[PDB]
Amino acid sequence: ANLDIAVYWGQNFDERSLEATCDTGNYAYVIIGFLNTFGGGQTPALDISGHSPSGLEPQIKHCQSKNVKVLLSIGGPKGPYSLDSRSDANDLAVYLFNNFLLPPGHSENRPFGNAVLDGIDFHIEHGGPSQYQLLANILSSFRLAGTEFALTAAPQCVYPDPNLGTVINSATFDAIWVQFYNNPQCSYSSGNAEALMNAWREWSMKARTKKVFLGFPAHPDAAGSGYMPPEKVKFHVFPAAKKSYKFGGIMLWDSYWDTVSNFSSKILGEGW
């Protein structure tokens, strides 16, 4: 099928390194997670499971030299993040732009050193719409001013998504990876993909984006529910998902678990 696979990285101190992840050759996008503290009077902080942020500079550059796009994900499954005021949204946009999306400015400092990331992933899991639209408006404005980067989003599988639905409706995202997991109403279950197929059909028809990816857990321990073996993804989902002009590929939660299960290796034949 010549499949693009996006994977989340950064969820365990003991995981395969960012550079070894890129060297597998299995992934088109690596999404580092997460900037999970911001808003409501806090300064921004990363929780990337104890990995050294400065130590990532050369690994990110290596990934990019092998044509792997590297994004930073904001929010995440847990964290004291919120964006309730217009001032929060402006502050966070300006911070992401200066520290991750532009070349170095020689005096204030950056998390990942002189690395320049390929975009920002909105993994907003609570708070509601809030000012996320304003945040996306401002980042989009920067994109139009010369800084070339992607904006992506990771909604849950019920359409419309309660946290990002209105932002997705603005068409601002270049790609979206729907999490087809942790909700039995819209993900695989019982050897019964009916709920999954119906949600895919809605998302692929209604989401205002050029590319929609299907997000799956890489291993049964990786999510509470929704694990679908790779043979069944290939046999059941691909023939239908390929009838869609919006089909982008799949996303896997997450690198740590994919190392263990070799899920991506199986989906691709072997992926070397």
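The numbering used is simple: start at 1 and walk along the sequence shown.
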| property | result |
| --- | --- |
| 141 to 149 versus 128 to 136 - greater average Cα B-factor per the deposited record | 141 to 149 |
| Greater mean Cα temperature factor according to the PDB record, 99 to 107 or 82 to 90 | 99 to 107 |
| C-alpha B-factor winner, where the candidates are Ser244, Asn26, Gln64, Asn36 | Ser244 |
| Residue with maximal Cα B-factor (values as given in the PDB entry) among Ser73, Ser187, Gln156, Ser170 | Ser187 |
| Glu194 CA temperature factor, ranked by third within the chain | highest |
| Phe180 CA temperature factor, ranked by third within the chain | lowest |
| Third of chain Cα B-factors occupied by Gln59 | lowest |
| Third of the chain, ranked by Cα B-factor, where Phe112 sits | highest |
| Assigned third (lowest, middle, highest) for the C-alpha B factor of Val237 | highest |
